[PDB]
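We begin with a single chain expressed as structure tokens, specifically the form deposited without the ligand.
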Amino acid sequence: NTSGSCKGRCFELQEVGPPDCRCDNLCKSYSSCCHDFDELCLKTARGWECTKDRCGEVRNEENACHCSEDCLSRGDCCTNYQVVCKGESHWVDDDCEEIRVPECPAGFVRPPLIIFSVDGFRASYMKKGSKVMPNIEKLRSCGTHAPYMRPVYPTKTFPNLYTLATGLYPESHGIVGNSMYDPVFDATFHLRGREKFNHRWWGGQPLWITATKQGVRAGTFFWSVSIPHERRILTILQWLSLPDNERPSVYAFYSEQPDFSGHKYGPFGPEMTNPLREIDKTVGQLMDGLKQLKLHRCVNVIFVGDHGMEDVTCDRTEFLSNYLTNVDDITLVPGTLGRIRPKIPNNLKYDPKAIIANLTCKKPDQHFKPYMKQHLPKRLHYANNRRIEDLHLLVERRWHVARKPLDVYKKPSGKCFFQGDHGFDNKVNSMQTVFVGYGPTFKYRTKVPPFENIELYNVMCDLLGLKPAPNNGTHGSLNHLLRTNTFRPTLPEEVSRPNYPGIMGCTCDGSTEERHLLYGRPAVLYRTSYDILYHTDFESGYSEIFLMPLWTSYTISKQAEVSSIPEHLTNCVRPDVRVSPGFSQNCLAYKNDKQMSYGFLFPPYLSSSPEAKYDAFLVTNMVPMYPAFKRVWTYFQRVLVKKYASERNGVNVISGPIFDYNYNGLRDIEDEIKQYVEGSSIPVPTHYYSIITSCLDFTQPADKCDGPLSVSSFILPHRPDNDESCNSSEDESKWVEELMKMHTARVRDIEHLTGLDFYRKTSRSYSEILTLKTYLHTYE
């Protein structure tokens, strides 16, 4: 009987229910520790380091850690015991040798994984190097690292740590902010409350559960703040010393630093050296501890942060009161993002249209931009959750938004209480964070491309021999981080087979595949009816259900020439004899719809000859477009495509529509389409994409590329105005490219939104293609 006291139970791995008291390392957070928890489990006497005089001491149970002969056996030596008492070196003082196979004690069933999470560790802190952080720098230089890892939006703690744990976007896992209101629960989630403890908020399947469910024992992934870091490390090491039947295989450590200091001093403060040195010392204690247990060439260690840190002060704050008549009616989640809702839930007089109008381009320098959530860049994946308010403000890096001037407080001396913050758009350089992987399963001395934190969950599953729960990572895209345990991915099977049709109120006046379709036809991964259409200058997959191409593919060489639309063809639209009238668009609809016009997927401007230009005016190359959006699209097609062709030694372009009316990041079924061109069956796209591919070695032309590929893509929102672009009264050269850059995307994003699978026929491995598909060109 072990109830009522923590004798024999300190940091017990199996939690205990009421009315017994607890002795695990969250009992402090639940106010449930036994009366003697501090006395027995949180010993501090004599500190955390052996000194020479303690070597061979008689064991004194009051000590924090031990330097007696029995400590290696008991598993509770101070982490420096063997250095001070047994003539050995610190882990950091050794050179690294490649670990080709795990070197674990007999009886280990798999290499353990330890995740070392650091809060607010900006990628660029790594530049301080070994002067400041020798242990971390050793892991980085000796193991596998990326120059940075991209967090999820919002670039805050709870959404990112839970994304690390689940492989899910915040909209999917449900932790969409550090604070949240759920209108179904009618409850608020916050750091400073009990609501956060209720399982109802927390979706997906976090790693500790995936592990447990598949027979891989987990240590705690949460530490009460009153447990000192030294004790967290000593507890992990004690658990690792347990017998085979009880020892966990996966562990996490969390440090609140360097976030706290970054907020107080700014990311460039000289004060920042101190928390970085302290974190490094803690890393050193872990590695020394592993080394003295002979587990330093056994364990896989991940060093990872949740987000970075930006320079932000009191003085750089925009106030809603300067824009809006009645800020009393609303609640604002403020700071480095904005979410607005009515102060009274359901208030029927809440009108987010008029609020957004009053926030749109009101001052020339304005340091935030309002969006209905469905209009945010699709790369953010920040809309499909009832806890995300309809009205969102994207805040400029280095700025805050608040409701009114008095929400900001500065001391009478002029001093602000903070100089750093985070939360901004996840492509912002300052928000990027760190990734290092070190151990037998990670590669040796390998630098990999920057990747997104949604991908890590699959990799952590791989490292532990687990089947991942369904998530938003792309399994195989990070196989190049690993020496072994790689996941062997499979091409998704094509669901619908194309038809290849021959010749069967609008007026006017082969070897295409080889040149224009460079990576094979995209596969359609849902049940539908569509036709492949060849032309001199382009190829398309034409949908009989949506009456427009799902994709249009074409190649523009570096020397290709732009021409104009002859002014005698300005309104030219030609019937397509390959496609019957019932499955075609018509111009009556566009004439009759006074708000809707049309554009073309393959641009007439890039036609190879006058004769070939006629194909560009086919009804099957036409798509519906608001006049405002044509300003953007025509500029992309007339100007930007050749600029890209010129700079990249030609480009292959695949363009097409996206329909995402319910804003879930997935291709809409027919039923979900909410808008049609007036009096017609012609669906109106929510977005238009383009995927622009060339040869990474740009001395080779795009169509004659022997090695890895280079890609950039976007997903442009199909809006009936250009209110998003404050300078849109000006010529397109002054704003359209900035718009496009904001709506940059991964090929994978387009795949979800279209039900298409690209790059199926290349000379590259499928794992490398998956990496390519997950790439995001950030323009930073």
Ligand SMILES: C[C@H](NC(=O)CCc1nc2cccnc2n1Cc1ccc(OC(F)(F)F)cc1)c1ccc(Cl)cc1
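Just so we're on the same page, rigid core means the largest C-alpha set that superposes within 1.5 Å between forms. Residue positions are given as counts along the sequence shown, with the first one as 1.
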Greatest C-alpha divergence in 8 other deposited structures of this protein once each structure is fitted on the rigid core, 75 to 83 or 102 to 110 | 102 to 110
Superpose on the core, then say which of 20 to 28 and 764 to 772 ends up with the larger RMS Cα offset from this form in 8 other deposited structures of this protein.
-> 20 to 28
Residue gap status of residue 410, at least a third of other entries | yes
Residues with no coordinates between residue 493 and residue 494 in the deposited sequence, how many: none, 1 to 3, 4 to 9, or 10 or more?
-> none
Should the segment between residue 504 and residue 505 be described as having none, 1 to 3, 4 to 9, or 10 or more unmodelled residues of the deposited sequence?
-> 4 to 9
Higher of the two mean Cα B-factors (431 to 439, 306 to 314; per PDB record) comes from 306 to 314
Per the entry, where is the mean C-alpha temperature factor higher: 765 to 773 or 7 to 15?
-> 7 to 15
Candidate set 158, 583, 153, 663 [ranked by C-alpha B-factor, highest] = 583
Which one of 456, 562, 115, 298 shows the top CA temperature factor in the record?
-> 562
Cα B factor band for residue 363 (lowest, middle or highest third within the chain) = highest
Against its chain's modelled residues, does residue 135's Cα B factor rank lowest, middle or highest third?
-> lowest
Third of chain Cα B-factors occupied by residue 729 = highest
Chain third (lowest, middle, highest) by recorded CA B-factor, residue given as residue 171 = lowest
Among all modelled residues of this chain, ranked by Cα B factor, put residue 341 in the bottom, middle or top third, i.e. lowest, middle or highest.
-> middle
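Below, we refer to the form deposited with the ligand bound, which is not included among the displayed structures.
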For the chain seen here without its partner, which of 643 to 651, 160 to 168, 94 to 102, 237 to 245 has a heavy atom within 4.5 Å of the ligand in the deposited bound form?
-> 160 to 168
Might residue 225 be said to contact the ligand in the deposited bound form, defining contact as any heavy atom within 4.5 Å?
-> yes
Mark residue 196 yes when one of its heavy atoms lies within 4.5 Å of a heavy atom of the ligand in the deposited bound form, and no otherwise.
-> yes
Would residue 268 count as touching the ligand in the deposited bound form under a 4.5 Å heavy atom rule?
-> no
Taking the shortest heavy atom distance, is residue 299 within 4.5 Å of the ligand in the deposited bound form?
-> no
Would you mind picking the one in 133, 550, 304, 524 that has a heavy atom within 4.5 Å of the ligand in the deposited bound form?
-> 304
Out of 221, 487, 635, 108, which one falls within 4.5 Å of the ligand in the deposited bound form, going by heavy atoms?
-> 221
For this chain shown on its own, do 506, 605 and 614 all sit within 4.5 Å of the ligand in the deposited bound form, going by heavy atoms?
-> no
Let me know which residues along 95 to 131 have a heavy atom within 4.5 Å of the ligand in the deposited bound form, or say none if there are none.
-> 115, 117
